[PDB]
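Asker:
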Amino acid sequence: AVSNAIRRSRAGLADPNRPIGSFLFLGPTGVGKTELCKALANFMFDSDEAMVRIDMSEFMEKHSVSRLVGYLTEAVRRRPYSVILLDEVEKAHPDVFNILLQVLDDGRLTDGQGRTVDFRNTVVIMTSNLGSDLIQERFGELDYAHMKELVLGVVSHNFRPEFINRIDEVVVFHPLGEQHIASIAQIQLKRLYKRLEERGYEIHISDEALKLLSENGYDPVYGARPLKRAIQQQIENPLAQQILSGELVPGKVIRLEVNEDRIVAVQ
Amino acid sequence: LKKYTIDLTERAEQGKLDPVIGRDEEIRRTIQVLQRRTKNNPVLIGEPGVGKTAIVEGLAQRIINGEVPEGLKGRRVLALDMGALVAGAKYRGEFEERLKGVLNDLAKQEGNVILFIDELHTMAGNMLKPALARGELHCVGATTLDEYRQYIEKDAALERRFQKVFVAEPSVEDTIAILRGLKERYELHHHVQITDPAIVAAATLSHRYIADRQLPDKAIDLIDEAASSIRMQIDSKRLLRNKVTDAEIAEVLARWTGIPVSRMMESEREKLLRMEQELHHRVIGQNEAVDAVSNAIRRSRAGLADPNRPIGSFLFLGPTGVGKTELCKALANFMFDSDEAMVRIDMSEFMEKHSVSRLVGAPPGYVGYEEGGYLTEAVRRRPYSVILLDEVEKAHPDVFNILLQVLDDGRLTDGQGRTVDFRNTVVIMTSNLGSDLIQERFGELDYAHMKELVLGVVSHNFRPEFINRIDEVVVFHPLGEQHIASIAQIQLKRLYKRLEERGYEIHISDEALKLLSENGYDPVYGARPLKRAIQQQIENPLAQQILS
Amino acid sequence: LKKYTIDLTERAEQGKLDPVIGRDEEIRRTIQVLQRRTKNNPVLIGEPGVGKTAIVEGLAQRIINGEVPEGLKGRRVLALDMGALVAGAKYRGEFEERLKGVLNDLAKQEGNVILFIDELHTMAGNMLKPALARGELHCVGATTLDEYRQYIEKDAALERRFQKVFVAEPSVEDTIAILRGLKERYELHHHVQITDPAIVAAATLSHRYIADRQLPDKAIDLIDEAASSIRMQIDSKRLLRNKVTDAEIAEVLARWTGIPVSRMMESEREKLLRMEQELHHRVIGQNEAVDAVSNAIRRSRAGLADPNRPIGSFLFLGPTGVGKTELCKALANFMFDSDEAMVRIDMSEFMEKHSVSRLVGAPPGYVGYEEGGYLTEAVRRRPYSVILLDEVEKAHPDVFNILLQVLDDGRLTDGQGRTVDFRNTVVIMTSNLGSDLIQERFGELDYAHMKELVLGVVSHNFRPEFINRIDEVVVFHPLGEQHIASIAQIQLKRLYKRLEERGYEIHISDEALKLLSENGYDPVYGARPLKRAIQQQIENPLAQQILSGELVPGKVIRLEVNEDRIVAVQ
Amino acid sequence: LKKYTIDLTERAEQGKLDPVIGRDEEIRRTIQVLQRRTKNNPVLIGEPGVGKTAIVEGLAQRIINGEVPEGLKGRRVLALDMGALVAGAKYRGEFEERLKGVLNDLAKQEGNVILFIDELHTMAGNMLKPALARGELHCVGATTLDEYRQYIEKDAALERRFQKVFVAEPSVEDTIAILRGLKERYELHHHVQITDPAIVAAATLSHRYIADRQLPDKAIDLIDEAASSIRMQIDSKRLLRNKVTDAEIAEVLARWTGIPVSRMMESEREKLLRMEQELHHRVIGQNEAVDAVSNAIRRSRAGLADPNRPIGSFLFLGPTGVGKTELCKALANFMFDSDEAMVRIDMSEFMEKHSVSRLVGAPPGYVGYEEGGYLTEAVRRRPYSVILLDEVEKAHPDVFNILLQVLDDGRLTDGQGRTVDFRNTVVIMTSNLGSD
Ligand SMILES: Nc1ncnc2c1ncn2[C@@H]1O[C@H](COP(=O)(O)OP(=O)(O)OP(O)(O)=S)[C@@H](O)[C@H]1O
Ligand SMILES: Nc1ncnc2c1ncn2[C@@H]1O[C@H](COP(=O)(O)OP(=O)(O)OP(O)(O)=S)[C@@H](O)[C@H]1O
Ligand SMILES: Nc1ncnc2c1ncn2[C@@H]1O[C@H](COP(=O)(O)OP(=O)(O)OP(O)(O)=S)[C@@H](O)[C@H]1O
Ligand SMILES: Nc1ncnc2c1ncn2[C@@H]1O[C@H](COP(=O)(O)OP(=O)(O)OP(O)(O)=S)[C@@H](O)[C@H]1O
Ligand SMILES: Nc1ncnc2c1ncn2[C@@H]1O[C@H](COP(=O)(O)OP(=O)(O)O)[C@@H](O)[C@H]1O
Ligand SMILES: Nc1ncnc2c1ncn2[C@@H]1O[C@H](COP(=O)(O)OP(=O)(O)O)[C@@H](O)[C@H]1O
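So the sequences go chain by chain: F, A, E and D.
Here the first sequence stands for residues 579 to 647, 660 to 857, numbered as in PDB author numbering.
Here the second sequence stands for residues 161 to 283, 295 to 408, 525 to 835, numbered as in PDB author numbering.
Here the third sequence stands for residues 161 to 283, 295 to 408, 525 to 857, numbered as in PDB author numbering.
Here the fourth sequence stands for residues 161 to 283, 295 to 408, 525 to 723, numbered as in PDB author numbering.
Shown next, in the form of C-alpha cells:
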C-alpha cells in the first residue's frame with residue numbers, strides 16, 4: 579500500500595484533489611528511516627540523481643526558502671523522464687507551503703521553472719517519516735500489534751488535524767525491536783567477516799558478539815554508531831593480536847572466547 | 161567604387177526600394193544628426209522590425225524627390241557588397257579581410273557618399300573603427316536595442332560618431348496609414364484587391380494578443396499572408528476571391544496567436560452579452576442577485592473610476608468553501624484571459640511588525656533584497672492581473688498602510704528600485720471577521736443581512752481611512768445544497784477520462800450523487816473532512832477491480 | 161589503406177590481441193548497428209578505461225574465430241592511421257589526397273572493411300561526412316562520454332550518422348571474469364603465477380580504494396603491477528615467491544593510493560598496539576578510554592570500519608588549552624611522522640556567506656576555478672590523511688552543509704564537479720562548545736550531560752543529526768595540577784632541544800619544576816599559561832643571559848630557585 | 161627521428177648527473193611500473209623541488225650501474241624534449257611525422273628505451300595516446316602535482332595511461348642524507364668545504380624558515396648559495528673561510544627571510560641588551576611594556592622562542608595617550624629602522640563580518656581574489672615583521688577567529704589557499720579596554 583496510489587493516481591481513483599500523505603512512518607535512525615530512497619535504483623528509469631529530500635521539522639522563520647529557487663539545468667533536463675523525490679514534509683507553515691500547495695497536484699511547476707515540467711510522466715511523491723520520538727524500535731524483531739495508535743501524538747504534535755486526515759495510504763511498518771540491528775545492518779557482520787575469504791581463512795564470531803550484547807546498549811538516538819562502538823574492539827587489530835604479521839600459516843580456525851566486552855582474539 | 165557600384169539611390173530611381181510613407185517625425189532627426197559637422201552617423205535603435213527600412217531606406221527615395229535639406233543635395237547613399245565580399249579565402253580570418261579594398265574610395269568622395277547600415281553590430296568591426304576614427308567615413312547605421320546596449324560599452328571610436336536615435340513603434344492608428352500606400356505593391360504581386368476595413372484588422376485586433384512583432388511589422392505580414400492565402404484558396408487543386532476582407536485577416540490571426548475566432552471576432556460589448564453566461568459556466572450562480580459586481584467591471588470600460596487608482600476596489604465577504612476560490616479565477620478568465628492570474632496570499636504572516644518588507648520588499652542592505660516582495664514581484668511579473676488579498680484582517684494591530692498607497696495614488700513602491708504600477712489591477716479582499724456564520728438562515732430573500740452584523744463588528748481591526756477606498760462590499764452568495772449538484776461533477780473528470788478507456792459502463796441511476804451532496808454547506812467543521820465522504824466508501828471497493 | 165592502417169583482424173590472426181572475455185551485449189549491439197541500412201556506424205562511448213577499444217579488439221577476434229554472425233564473417237576490421245594520415249603531409253591537399261585514397265580504397269573493398277576509427281573526436296570529418304551518410308563507410312568510433320559530447324557532437328550533419336553504443340564499466344563481479352581471461356597474458360609476460368585470490372582482490376580492492384578509476388582497467392594494473400613486483404623479487408639481489532597473492536595486490540594499493548592495506552609485514556604489534564603510549568608522549572591526559580582516536584585507526588588500518596564513511600569522524604569538544612588541537616598533531620605525527628602532515632583547515636574566513644568555495648572550489652568558469660579547493664585537492668592528492676577542522680563552530684552553517692557529505696557519504700563533490708573519496712581520511716573537528724560545562728562538572732559531566740544543554744549552537748548552528756553523523760564526540764577534560772606538572776616536562780624537553788641545538792645544557796632542580804607547575808596552573812585557561820610561564824620565567828632570563836655572555840655554552844645550566852624566582856647559574 | 165638521441169643514461173655514464181640518494185621506494189615503484197605489459201608509464205608526481213626529475217636521474221644512474229633488476233639491466237633512459245619536437249615544425253604534419261618518427265624508432269629497440277618526458281603536461296603531443304596504452308613506449312613522465320591537474324587530468328583518456336608514482340617531499344632527516352651525498356658536487360664546483368654542521372643546519376633552518384619551497388630544494392640551495400658566497404669571499408678583496532660552516536648558512540637565510548639564528552655576536556647583541564634603553568628613547572614610562580616587548584625580541588634572537596607560535600603576541604591594554612601604539616612604532620623603529628615598518632592594521636576599519644575578507648583576501652571566484660589580503664600578503668612578502676592590530680576592539684567573532692591561528696601555531700591562509708606563516712612575526716594588539 580505505498581504504490582497503491584499509483585493504482586489510484588497514475589490511473590486515477592482515490593479523489594486526486596488531495597496531497598499524498600503525511601501521517602506516521604515510524605523508523606530507526608539511519609537504517610530504514612531515510613534509506614528507503616537509496617534502495618530505489620530498481621523501478622522504472624534507473625535514476626540515482628533523484629536526491630531531493632528535505633527535513634521540514636522545526637522551520638518557523640521566514641528565511642529558509644531561498645536555496646531551492660546554479661545547478662537546475664545540470665541534472666534533470668538532459669534526462670527528463672525520471673523519478674523525483676520528496677519525503678519528511680511534516681511541520682511547516684504556509685510561508686514555505688505556499689509553493690508546495692500546488693505541488694500536491696497539477697504536475698507542471700510555475701515558480702521559477704515556467705516550462706512544461708512533465709511530472710505526470712515523472713513522479714510527485716510526498717511522505718512524512720517522523721519516527722524519532724514518542725515511540726521507537728529497539729533493534730528489529732517484534733510483532734504487528736503496534737500499527738496505528740497515535741493520531742495527535744506522533745506527527746501532529748501542534749498542527750491541525752486537517753493535515754493528518756488528508757492521507758490516502760495510512761500505512762507503516764512495525765516498531766520492531768530487541769534483537770536484530772546487527773542483522774538489518776548485517777553489512778558489518780557478514781560482509782566484513784568474510785573479508786579474508788581467501789588464503790584459507792574464515793572469521794568466526796562468538797555468541798558474545800552475537801547473542802550476548804544483541805540487546806544491551808539500547809539508545810533511541812544513535813543506532814548505527816554504537817553498533818560500531820560496542821563491537822568496536824574486535825575487528826582488525828584486536829583480531830591482529832595473533833593473526834597478522836608472521837602468523838599467516840594455515841591449519842587453524844579463527845574464534846573468539848569467553849572474556850569481557852573487549853576480547854583479544856587468540857587462535 | 162572600382163570593384164562594384166551598389167547604389168541605394170539607384171534602387172530608389174528604379175523603384176526596387178519599397179514605396180515608403182509616414183515616418184517623417186524621425187527623419188527630422190536622422191538627417192539632423194546626419195548632415196552635421198561631427199557626430200555624422202545615426203543608429204536606429206528599437207525592436208527588430210520597427211521601421212529601420214521606413215526611415216533609412218526611404219531616404220534614398222527622398223533624395224531624388226527633393227524634400228531633403230540643402231547640404232544633403234547631390235548626396236548619393238551608397239552601400240557595399242557586405243554579405244558576399246567580406247571574404248575571399250577558404251579558412252577563417254575573413255571577418256574584415258577585404259574591407260580595405262572598398263573603404264579607400266569613400267575618403268575620395270568628398271562629403272557625398274553615405275554608406276548603408278549593413279548590420280553595423282556585425283561590423295566586431297576590426298576595420299570599422301580604423302575606418303571611422305577620422306570621421307570622414309560618412310554613414311548611416313541601425314541596430315536593435317539588444318544589439319545596441321549589449322554591443323558596446325565606452326568606445327570613443329564609436330559613440331564619438333553615433334547619436335542615440337531610439338526609434339519607437341508607431342501606435343495603433345499609424346500602422347493603418349502605412350498599409351494604404353502599401354496595398355499598391357500587393358495589387359500587382361498577388362494580383363488581389365485590398366479594402367479599407369480589411370487593413371484595420373491587422374493592426375487593432377492583433378494589438379491586444381500579438382506582441383512578438385512591432386506595430387508596423389505585424390500589421391504588414393498579416394495583410395500579406397491573407398494575400399498569400401488567396402491563390403491558396405483560389406487554386407487549391525467557383526472560389527475566386529481576390530477581394531480580401533477582415534475575415535481573411537482574422538482567420539490567419541486566429542491560426543497564429545493560439546486562441547480561436549470564438550473569443551476574438553466580437554466587440555467587447557458583444558462578448559459582454561454572454562459574459563455572465565461565461566461567468567456561470569463555472570460560477571454556482573444566484574444570477575438574480577450577484578450581477579452587481581458583474582456591473583462593476585462593466586463600469587470599467589467608460590472610465591468614470593479614479594484614474595489614480597486600479598480598475599477595482601472591493602470586499603469579498605462570506606463563508607469559506609463557497610466561491611473563495613471559484614469566483615476570483617472567473618473574474619480573471621474573462622478580462623485577464625488566464626488561469627494563472629492568482630496571487631493568493633494569506634495575511635497571517637503579520638505576526639511581527641517587521642513583516643511589512645516581506646510582501647513588499649526589504650531595504651537595500653537588509654536581508655530580503657535579492658528576491659524582492661510577494662505582492663510586488665508577482666505584480667512585477669503580472670501587471671495585467673487581478674489581485675486577491677486573502678484574509679486582510681490579520682494585519683498587525685499597530686501596522687497597516689500596506690494597502691493604502693495601492694488604492695489612493697494607485698502606485699506602490701517596493702524595496703528594489705522601480706515603482707510597481709497597479710493601474711491594471713482589481714483588488715479582492717477576504718477579511719473574514721464576522722461572516723463565518725453560514726449556519727444561520729439569513730439567505731431566503733436577502734443576502735446582505737449576513738453582512739449587517741459585520742459592519743458593526745469588523746471595524747475594530749479596520750479603520751475609517753480604508754473602507755472609503757473600496758466602493759462595493761459584495762457579499763458571497765452562499766453555497767446551497769441543491770447547487771452542489773451543478774459544480775461537483777468537474778472533480779470526477781479523471782475517472783471520466785478513465786471510463787471511456789476500458790469499454791465499460793458504470794453510469795449511474797442515483798447511486799453516486801448522494802455522496803456528492805456532502806461537500807460544502809457545513810455546520811461545524813468545513814469542507815476539508817467533508818471531501819472524505821467519497822473516498823472511503825466508493826473509491827476503495829468498487830473500482831479496485833478495474834486494474835485487475 | 162591496407163599499406164598503412166593497422167589491420168586489426170590480421171593482428172588477431174596472429175593472436176597479437178588481448179583476449180576479450182565478457183562484453184557479449186556490447187559486441188552484439190555494435191554488430192546490430194554495423195549491419196544496418198542507414199546510420200550504420202557505432203561509437204563505443206563510455207568512461208575512459210572501460211573497454212571501448214577492447215570491444216573492437218574483441219570484435220576482431222569474434223570475426224576471425226567465426227563467432228560473428230553470417231554477413232560479417234571474413235570482414236576485415238581495420239583501424240585508421242592514428243595521425244599517420246596527418247604525418248608528413250606538408251603540401252596543400254595532401255591530407256585530402258590521403259583521406260580520399262583511404263576512402264576510395266574502401267569503396268573498392270565492396271563494404272567488407274570495418275574502419276575502427278579509435279578516438280573519433282580527433283577527426295577530415297567533412298571528408299567522411301559523405302561516406303558515413305550513404306552507408307558506404309562501416310565505421311566504428313570510440314570516443315569517451317565527455318570526449319563524445321564536447322568534441323563535435325552536433326555540427327549539422329554529424330549527429331545522426333553515428334549511433335551511440337554505451338560501454339558501461341563492469342561491476343566487480345564482471346571484472347573478476349575480465350581478469351581471469353587476461354591473466355594468461357600477464358602470467359606469460361612476467362613469468363609469475365597470478366593467483367585466483369589475487370584476481371578477486373584486485374577487482375574488489377581497486378573498486379573501493381580507487382575513486383578516479385573504478386574501471387576494469389584499474390583491476391588490471393594491480394594485477395599487472397603486483398606481477399612486476401614479483402619480477403622485482405626474483406630478478407634482484525618455495526622461498527623465492529613466484530605467485531602474486533592478495534597480500535601482493537594490496538601492497539600495490541598501499542603504494543598507488545597510499546592507504547595502508549599491508550599490516551602482515553609491519554610492526555603493528557609494536558606501533559599500532561600503542562594504545563595511548565605513543566599519544567601520551569604528546570597528549571598527556573584525555574584518558575576516558577585508551578584514546579578513542581587510536582581506536583578508529585585501530586579498527587581500520589587496512590580498512591575494517593564501515594567503507595562508506597571516513598576512518599574517524601571526531602568532534603573534539605573541550606575547554607581551551609586542553610589538547611584538542613594537540614591530539615590532531617599527535618595523531619598526524621603518529622600516522623605520518625610529522626605534525627604538519629594533516630589537512631589543517633582552520634575556520635579562518637569560514638563564516639562568510641560563501642567561504643564554502645574556498646575549501647571545495649570555485650564554480651566552473653570563475654576566477655579561482657582552475658586551482659581547485661583546499662580540502663578537496665588535498666584529499667584527491669592523498670586519500671589517507673588527517674583532516675583537522677579547527678574551531679569548527681566558528682564557521683558558517685553553509686560550511687557544514689557541504690561537510691555533511693563527507694561525514695556520512697564519505698564523498699564530497701567539488702566546484703569543478705568531481706567526487707572525492709574521504710572514506711579513508713580521519714576528519715577531526717575541534718571546537719570550543721561546552722567549555723563552561725567541563726570546568727564546572729569534573730566527573731558529573733558525561734558526553735550527553737553537555738551535548739544538548741549547550742544548544743543554541745547544537746540546535747541552530749549544528750544540525751539535529753550532524754552530531755549523529757560524527758562518529759565519536761570526544762569531550763576533553765580540563766587539566767588538573769597532576770597533568771600540568773607533567774606537561775611542564777614535555778614542554779621543557781622541547782626547551783632543552785631548543786638549547787642543545789645551540790650547545791647549552793639545561794638542568795632544572797625539582798624545586799623549580801615545582802615552581803613552574805604552581806605558576807602555570809589555573810583550570811580555566813588550560814595549559815597555555817604553563818608554557819607562557821615557561822617563556823617568561825625560564826626563557827626570558829635565559830635569553831638575556833645567553834645574549835649578554837653570562838652563560839657559557841658547553842657548561843651545564845641549572846635552573847635553581849632563588850627568592851621567589853627561577854634563576855640560571857653555572 | 162635520428163635528430164633525437166638524447167641519452168640520459170650516457171649523461172649518467174659520463175658522470176654528468178648528480179648522485180641521487182635514498183628514494184629507493186619511488187625508484188623501485190618507478191621500475192616496477194616500467195616493467196608491465198600494458199601502460200608501463202609512471203608519472204613521478206609531487207610538489208616542485210621534491211626530487212622527481214632526480215628520480216629518473218637515479219634510474220639512469222642505476223641502469224648504468226647495475227643496481228636495477230636484471231630485466232631492466234642495460235636499458236636506455238632518453239629524455240624526450242617537447243621543445244625540440246615542436247621547434248621548426250612550421251609546416252603541416254611536420255610535428256606528427258616527427259613524433260611518429262620518434263615512436264617508430266622507439267619500437268626498433270623492442271622496448272629497450274625508457275622514454276623520459278620531463279614536464280609531461282607539455283605533451295602538442297596529441298598522438299602518443301594509443302602507444303602509451305599498449306606499452307610501446309616506456310614513458311616516465313615527471314610533472315608536478317598542480318600541472319598534472321590542469322593539463323593531464325583534463326585529458327581523462329590520457330591520465331588513464333599514466334600511473335602516478337607520487338614523490339613525497341622528504342623529511343629533514345632524509346634531506347640531510349640527501350645533502351651528505353650531494354656536497355661533493357658543491358665542494359667541487361665552488362672549491363669549498365661544506366662541513367656537516369652546515370648540512371644538519373641547512374635542512375633544519377630551511378625546513379622551518381622556508382615555507383614557500385619544498386624541503387630538498389631549500390637545504391640544497393642554501394648550501395649552494397653559502398658556497399658561492401664563501402668562494403666570493405675567498406676570491407674578492525684562517526681569517527677567511529675555505530669552509531661553509533653552520534653560521535654561513537644562517538647568513539644566507541638572514542638576508543633572504545628576515546633574521547638568522549647566528550649573526551648576532553658583535554654589536555647587535557650589544558643593542559639587544561640596550562633595547563629597553565633604545566625603546567625608552569621614544570616611549571618613556573611603561574617599563575612593564577618595554578620589558579615585555581624586549582624580552583620577546585631577546586627570546587627569539589637567542590633561539591629560545593617557541594618555533595611554532597609567533598615571536599611575541601602582546602595585548603596592549605591601557606588608557607588613551609599612554610604609548611600603546613607608540614611602543615609599536617618605537618619597536619618597528621628599533622628593529623627595522625622606520626616607524627612605518629609595521630604591518631599596521633587599524634582594527635576599527637573592519638566593524639562588519641565581511642571586513643575580515645581584506646586581511647585574508649576574497650575566496651576563489653570573487654572580486655579581489657587574485658590580490659590576496661594585506662595581512663597575509665604583507666607577511667608572506669616580509670616574514671619577519673611587526674603586526675600592529677591597532678585599536679583591537681570589535682564585536683565580531685568571525686573577524687576575531689582569524690587571530691585564533693595567527694597567535695597559536697602561527698599560520699594563516701589566503702583566500703587563494705596559500706598558508707602564510709606568522710611564526711617569525713611580532714603580533715601586537717593595542718586596545719583600550721581597561722581604560723576607566
Ligand atoms: N571485456 C574485456 N575483456 C578483456 N579485457 C578488457 C575488457 N574490457 C577492457 N579490457 C582491457 O582493459 C584495458 C584497457 O581498456 P581499453 O579498452 O584499452 O581502454 P578503453 O576503454 O578502450 O579506452 P580507449 O582504449 O582509449 S578507446 C586493456 O587491457 C583491455 O584489454
Ligand atoms: N594534554 C596536553 N598534553 C600536552 N600538551 C598539551 C596538552 N594540552 C595542551 N597542551 C599544550 O598546550 C598548547 C595549546 O593547546 P592546544 O591543544 O594546541 O589548543 P587546544 O587545547 O586545542 O584548545 P583551543 O585553544 O580551543 S584550539 C599545545 O601547544 C601544547 O603544548
Ligand atoms: N633524492 C635526491 N638525491 C639527490 N639530489 C636530489 C634528490 N632529490 C632532489 N635532489 C636535488 O634537488 C634539486 C631539485 O630537484 P629536481 O628533482 O631537479 O626538481 P624537481 O623535484 O623535479 O621539481 P621540478 O621543478 O618540478 S623538475 C636538484 O639539485 C636535485 O639534484
Ligand atoms: N609613554 C609615552 N612616551 C612617549 N610619547 C608618548 C607616550 N605616550 C604617548 N606619547 C605620545 O602621544 C602620542 C601617542 O599616542 P598613542 O600612544 O598612539 O595613543 P595610545 O596611547 O596608544 O592610545 P589610543 O588613543 O587608544 S591609540 C604620540 O605623539 C607620542 O609621542
Ligand atoms: N512607413 C513605411 N513605409 C513603407 N514600408 C514600411 C514602413 N514601415 C515599415 N515598412 C516595411 O516594414 C519592413 C521594415 O523593415 P525594418 O523595420 O528595417 O526591419 P529590421 O528592423 O528587422 O531591419 C520593411 O519591409 C518595410 O517595407
Ligand atoms: N467549488 C468547488 N469545485 C471543485 N472543488 C471544490 C470546490 N469547493 C471545494 N472543493 C474541494 O474541496 C477541497 C477543500 O476545499 P477548501 O480548501 O475548504 O475550499 P476553500 O479554500 O474555498 O475554503 C479542495 O481540495 C477542493 O478540491
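Cβ coordinates follow ideal geometry from the N, Cα and C atoms, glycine included.
1) Within the continuous beta strand (DSSP E) that includes E/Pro301, where are the two ends?
2) Are the beta-carbon atoms belonging to A/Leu232 and A/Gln174 less than 8 Å from one another?
3) Can you pull the chain D residues whose beta carbon is under 7 Å from the beta carbon of E/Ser399, in chain order?
4) Taking the Cβ atom as the reference point for each residue, do E/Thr717 and E/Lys611 lie within a distance shorter than 8 Å?
5) Scan the segment 806-829 of chain A for residues whose Cβ lies nearer than 9 Å to a Cβ of chain F and list them as they occur along the chain.
6) In whole angstroms, what separates the C-alpha of E/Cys615 from that of D/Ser342?
7) Once you ignore the five residues that flank D/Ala267 on each side, which residues in its own chain have a CB closer than 7 Å to its CB?
8) If you scan the segment 686-753 of chain A from start to end, which runs of the alpha helix (DSSP H) of 4 or more residues do you find wholly inside it?
9) Is there a Cβ from chain F that is less than 8 Å from the Cβ of E/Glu555?
10) Decide if the segment 758-770 of chain F is in contact with the segment 602-610 of chain F; the criterion is three or more beta carbon pairs, one per stretch, under 8 Å apart.
11) According to the Cβ coordinates, are D/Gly206 and D/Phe333 closer than 8 Å?
12) Strictly by DSSP, which residues pair up with D/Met629?
Answerer: Walking through what the data contain:
1) Careful: E/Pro301 lies outside any beta strand (DSSP E), inside the alpha helix (DSSP H) at 299-304.
2) no
3) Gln192, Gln195, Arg196
4) yes
5) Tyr812, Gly813, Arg815, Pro816, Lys818, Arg819, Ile821, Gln822, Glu826, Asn827
6) 19 Å
7) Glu307
8) 692-695, 736-739
9) yes
10) yes
11) no
12) D/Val673
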